[PDB]
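Here is the structure we will look at, set down as structure tokens.
Where a number appears in this text, it was derived from the coordinates with a stated rule and is not lab data. We place every Cβ from the backbone using ideal geometry, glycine too, and count neighbours over all the protein chains shown.
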Amino acid sequence: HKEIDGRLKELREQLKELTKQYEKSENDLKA
Amino acid sequence: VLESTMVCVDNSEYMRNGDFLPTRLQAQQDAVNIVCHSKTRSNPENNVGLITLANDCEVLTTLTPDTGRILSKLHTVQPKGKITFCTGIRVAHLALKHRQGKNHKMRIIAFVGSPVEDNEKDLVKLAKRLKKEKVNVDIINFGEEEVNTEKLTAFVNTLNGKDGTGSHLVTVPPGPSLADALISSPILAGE
Amino acid sequence: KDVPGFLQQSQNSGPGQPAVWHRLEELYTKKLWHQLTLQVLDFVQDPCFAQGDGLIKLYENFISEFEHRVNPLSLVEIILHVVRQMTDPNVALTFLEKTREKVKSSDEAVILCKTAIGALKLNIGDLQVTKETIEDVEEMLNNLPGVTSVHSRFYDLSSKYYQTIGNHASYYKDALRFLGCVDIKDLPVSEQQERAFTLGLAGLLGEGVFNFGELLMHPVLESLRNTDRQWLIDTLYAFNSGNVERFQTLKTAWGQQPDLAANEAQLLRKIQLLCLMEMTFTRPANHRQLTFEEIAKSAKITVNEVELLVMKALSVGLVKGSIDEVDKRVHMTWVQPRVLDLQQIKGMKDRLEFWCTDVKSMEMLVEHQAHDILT
Amino acid sequence: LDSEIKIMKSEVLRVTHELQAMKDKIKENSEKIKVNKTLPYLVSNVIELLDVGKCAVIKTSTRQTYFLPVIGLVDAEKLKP
Amino acid sequence: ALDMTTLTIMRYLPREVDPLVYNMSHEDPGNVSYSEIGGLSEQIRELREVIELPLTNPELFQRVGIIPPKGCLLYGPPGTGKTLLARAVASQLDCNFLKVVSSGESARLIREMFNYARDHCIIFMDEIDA
Amino acid sequence: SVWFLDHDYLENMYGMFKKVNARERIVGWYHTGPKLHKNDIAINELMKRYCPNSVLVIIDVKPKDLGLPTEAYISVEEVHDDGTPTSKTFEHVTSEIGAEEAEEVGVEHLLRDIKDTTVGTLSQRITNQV
Ligand SMILES: Nc1ncnc2c1ncn2[C@@H]1O[C@H](COP(=O)(O)OP(=O)(O)O)[C@@H](O)[C@H]1O
């Protein structure tokens, strides 16, 4: 299916972006 | 029917057995997903927790009204070690006692495909004790049936006593599909 | 398919094994893919495969069509079992490397494969590369949560490498760790009787190994007590309680062993050091002033080199203090602690008893005397 | 085949819920940050910027100087002196 | 960085570089090259008699140089090459320029200027006129 | 060998305590038992998921008179250089009682009635020796 590798890439990207978002968010809370 | 259930799951090495396509691990994952969803759809106020039976028992998720977290925490369960059924069941009973909502029936459905290496005497004693604390231990057998079927019959018969439909035994030597076997089973039928 | 065909053929064309093929192949058709993971071991360890390429044929065909889902560690173990009866080391290295490549997820499987390939390099020689792989696998073995037979295999590999390179002290340490990791009773009595003897020799000739205690109590030494080599236990006991007299008595034999006979001088120096250590430990702090005449009556030397012996002890770090050779005595203010015996601990118990009595008496005296001002 | 449907059904049902939880309690975290950034800020300079993470030596317009070991909500966009 | 409430020293910090640093003529580095001074070769050669001081110290030992001299006067008309004259020579020397302007407050400022400087090298105190 | 430590409750409380204060991350666990149990290793294994260096602290509610009420343990599992079979067991960790200043104020206020002098009076020094 077209969506297998596309979804894998989209996941990887979204997960890394949200994890960076949470690094900064919890850093801001602790700040 | 307000319900609090604990899904015990064997993750022993014998889950490396691949009779259930594609693997016993994926088959049990699908079966637990199906049963948890079935319990949740009926009276969403019901809550479900999950137990891992390994070299030492563990509780991955306590009684919660959500199912996605249970699915996510089970997905990473890999086959390792050996089953300790008695300790798993005792942990399940402890979790039931500690459940936040005291207005629920007490159920424990155990994916126990493995040769249960425990002593028959303490086995029947545990079953009777659970019957006394009013527990319903449903048991899904897929594996060493020839070995554990009599002991599972002892489980369920002792729990039921007379007319005690609470505890059930479902054995599936054939491996067409564990999920379909579970969905077309008495345990989920009443829900 | 080809694997079922080979299964059916060797149902009777295989070694011995009348119906175990029937059960193995019916399980394989059942597609369990793991229930026979134990039968494969239980049968391959049978005295049937010693020089048979049939084992390699079995491996190729069905282990290649079977390895996609197997306990990685058991898979590597059977890989080593197949390799043992393969006598083409140049191709065995590549075979083990491809087994590695096949098994990546199981960190422990990678550990064991690296250990096996290092063992093969050792068996063919290649000291530099075997040392390199030992270092690599050690540093990436000290990364797992606990201990296992993989640690056992690594410590055996390190012991063998240090034995071949001659580093007796490191061999002693690593072999002791290996015996700790592995179960003593599972090993054959022959394997014990040999490993214990090698440990005895390494400790007997090791640089910086003075703690022969812990070995007279390690149960691995429960293999020479009645054997025709209880002599070795006797000698090691003599060093533990330095008895140069008894060691000269036991000279009746170790002159037979070429290595010890060649390294006599090292043995004599080490035993003299241990004798001085144990003398200092026995002497209480009241009169720890050891004398040159005392050390002479101890390990046999005239009083013109007790000075050098004590210098060596202090420099190595066995004891601490000074040497007043004008008055011909040695002041010891320390000893390197070692492992002791039940009687050596009963003596400590008695000394404590005395110390407790004195402390209690002084406590009662002070409390009674100052009773009227205690807050 | 079956592996494709598996990775498009179970993987999806798990990962979508994981992202949903992350993107819901990110909503909670961002709401808390927004509540804690109540408007009445004190206009101030960034007179000096240091590293050890980064720091600040901000000059509050109340003719005062305050070292900040943690810069805070700002994006650390190089915050030139 | 004292604590806000208990006023306890929590950490030491690098010295503040206020605008009164560069304007104080506190530029340590800076060279271009030797060939930019087209003429003035004799003056360059003469000024390179101050290079003996650092490269060695025979001024100690047999003799004494009372801390041998700290450069020459560079007597110059309205302006010919003074700055660059010193620049090229010191660039050869590999030293660095602490140029100083002398154009009790100013006295103390310059005093502290070289007191900070010498702890670190050609000093080029100039602008004596007026 | 059967216990029901509540991981969900643990994480919820840890999150709310993070919200209240941030420079306080899970560093271990405590149980008010005078003696250990076979469950201590298992519960420390559970806690190591929330902290790599998870430390047990047994805080004895029964008040003794010679030592501190806290005993600290760190779970170390390593191949015994001894050469003996190795099992995942605890190892003692040096423990001490210290206080923030805002806790010292409260402690002193609570103990004001039964406090001792913060000076060596001869009777108290003799008593301390006893
Ligand atoms: N010999 C020379 N070769 C090239 N340029 C020169 C020479 N002498 C002076 N100049 C130019 O004239 C300027 C003189 O600057 P400076 O020496 O600082 O002032 P003053 O000449 O008044 O001492 C320099 O910037 C330089 O560009």
* Which ones in region E:28-56 are of a type in the set (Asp, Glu) and assigned to a helix (DSSP H, G or I)? -> E:42, E:46, E:52
* Looking for whichever is more than 17 Å from residue A:25 (Cβ to Cβ), surrounded by 10 or more Cβ atoms within 10 Å (Cβ to Cβ) and within 11 Å of another protein chain (Cβ to nearest Cβ) here; the options are D:23, D:32, D:6. Which one fits? => D:6
* To do: Scan region C:218-256 residue by residue and report those that are among the polar types (S, T, N, Q) and either touching a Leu at 6+ places or on another chain (Cβ under 6 Å) or closer than 26 Å to residue C:191 by Cβ (or both).
  => C:223, C:226, C:227, C:230, C:235, C:240, C:256
* Structure fact -> Being within 30 Å of residue D:70 (Cβ to Cβ) and charged (D, E, K, R) narrows E:94, E:18 down to just E:18
* **Selected residue (criterion: nearest to residue C:240 (Cα to Cα)) from residues of region C:362-375 that are of a type outside the set (A, V, I, L, M) and surrounded by 10 or more Cβ atoms within 10 Å (Cβ to Cβ)** => C:363
* Filter region E:28-48 for residues that are surrounded by 12 or more Cβ atoms within 10 Å (Cβ to Cβ) and either touching a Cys at 6+ places or on another chain (Cβ under 8 Å) or hydroxyl-bearing (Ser, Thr, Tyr) (or both); which is nearest to residue E:122 (Cα to Cα)? -> E:47
* **Verdict on residue E:20 being more than 15 Å from the ligand (Cβ to nearest atom), more than 30 Å from residue D:46 (Cβ to Cβ), of a type outside the set (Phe, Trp, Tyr) and not in a strand (DSSP E or B)** => no
* List every residue pair whose Cβ atoms lie under 6 Å apart, where the two residues are 6 or more positions apart in sequence or sit on different chains, the first residue falls within region B:64-75 and is under 11 Å from residue B:48 (Cβ atoms) and more than 9 Å from chain D (Cβ to nearest Cβ), and the second residue, located anywhere, is surrounded by 16 or more Cβ atoms within 10 Å (Cβ to Cβ) and hydroxyl-bearing (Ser, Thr, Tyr). => B:70/B:61
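Table: residues versus (1) small (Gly, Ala, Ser); (2) surrounded by 13 or more Cβ atoms within 10 Å (Cβ to Cβ).
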residue	(1), (2)
C:253	yes, yes
C:268	no, yes
C:276	no, yes
C:294	no, yes
C:299	yes, yes
C:309	no, yes
C:312	no, yes
C:327	no, no
C:335	no, yes
* Might you check whether a residue that is within 14 Å of chain D (Cβ to nearest Cβ) and in contact with a strand residue (DSSP E or B) (Cβ under 8 Å, 6 or more places away or on another chain) occurs anywhere in region B:81-89? => no
* To do: Among the numbered conditions (1) away from chain B (no Cβ under 14 Å); (2) surrounded by 11 or more Cβ atoms within 10 Å (Cβ to Cβ), tell me where residue D:40 comes up short.
  => (2)
* State which residue is surrounded by the most Cβ atoms within 10 Å (Cβ to Cβ) when the search covers only region E:84-93 and only residues that are more than 12 Å from the ligand (Cβ to nearest atom) and over 15 Å from residue E:27 (Cα atoms). => E:89
* Structure fact -> Across (1) in contact with a helix residue (DSSP H, G or I) (Cβ under 8 Å, 6 or more places away or on another chain); (2) within 30 Å of residue C:178 (Cα to Cα); (3) surrounded by fewer than 16 Cβ atoms within 10 Å (Cβ to Cβ), residue F:31 clears everything bar (2)
* Asked: Condition test on residue C:223, is it assigned to a loop (DSSP other than H, G, I, E, B), under 30 Å from residue C:336 (Cα atoms) and not acidic (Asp, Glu)?
  -> yes
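Residue-wise test of (1) surrounded by fewer than 16 Cβ atoms within 10 Å (Cβ to Cβ); (2) more than 14 Å from chain D (Cβ to nearest Cβ); (3) away from the ligand (no atom under 15 Å from the Cβ); (4) closer than 21 Å to residue E:41 by Cα.
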site	(1), (2), (3), (4)
E:65	yes, yes, yes, no
E:76	yes, yes, no, yes
E:80	yes, yes, no, yes
E:98	no, yes, yes, no
E:106	yes, yes, yes, no
E:128	yes, yes, no, no
* Asked: In region C:45-53, is there at least one residue being more than 30 Å from residue C:162 (Cβ to Cβ), in contact with a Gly (Cβ under 8 Å, 6 or more places away or on another chain) and of a type outside the set (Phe, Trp, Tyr)?
  -> yes
* Asked: Which residue pairs have Cβ atoms closer than 7 Å, lie 6 or more positions apart in sequence or on different chains, and pair a first residue in region E:26-50 that is within 11 Å of the ligand (Cβ to nearest atom) with a second residue that is part of a loop (DSSP other than H, G, I, E, B) and hydrophobic (A, V, I, L, M, F, W, C)?
  -> E:44/E:37
* Asked: Does residue C:98 meet the test of being surrounded by 14 or more Cβ atoms within 10 Å (Cβ to Cβ) and either part of a helix (DSSP H, G or I) or of a type in the set (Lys, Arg) (or both)?
  -> no
* To do: Only residues that are away from chain F (no Cβ under 14 Å) and in contact with a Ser or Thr (Cβ under 8 Å, 6 or more places away or on another chain): list them for region C:177-227, please.
  => C:189, C:193, C:204
* Within region C:14-41, how many residues are in contact with a helix residue (DSSP H, G or I) (Cβ under 9 Å, 6 or more places away or on another chain) and assigned to a helix (DSSP H, G or I)? -> 15
* Filter region E:1-17 down to residues that are loosely packed, with under 10 Cβ neighbours inside 10 Å and either outside any loop (DSSP other than H, G, I, E, B) or in contact with a helix residue (DSSP H, G or I) (Cβ under 9 Å, 6 or more places away or on another chain) (or both) and give me whichever is nearest to the other protein chains (Cβ to nearest Cβ). => E:6
* **Which numbered condition residue B:30 misses (of (1) buried (at least 22 other Cβ atoms within 10 Å of the Cβ); (2) touching a helix residue (DSSP H, G or I) at 6+ places or on another chain (Cβ under 7 Å))** => (1)
* Only one of these conditions is not met by residue B:117: (1) touching a strand residue (DSSP E or B) at 6+ places or on another chain (Cβ under 6 Å); (2) more than 14 Å from chain F (Cβ to nearest Cβ). Which number is it? -> (1)
* Is region B:148-155 home to any residue that is of a type in the set (A, V, I, L, M, F, W, C), in a helix (DSSP H, G or I) and surrounded by 18 or more Cβ atoms within 10 Å (Cβ to Cβ)? -> yes
* **Identity of the residue in region F:113-130, assigned to a loop (DSSP other than H, G, I, E, B) and not acidic (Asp, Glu), that ends up nearest to the other protein chains (Cβ to nearest Cβ)** => F:130
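A quick yes/no check of all residues on (1) assigned to a strand (DSSP E or B); (2) in contact with a strand residue (DSSP E or B) (Cβ under 8 Å, 6 or more places away or on another chain); (3) at negative phi:
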position	(1), (2), (3)
F:26	no, no, yes
F:34	no, yes, yes
F:49	no, no, yes
F:52	no, no, yes
F:56	yes, yes, yes
F:74	yes, yes, yes
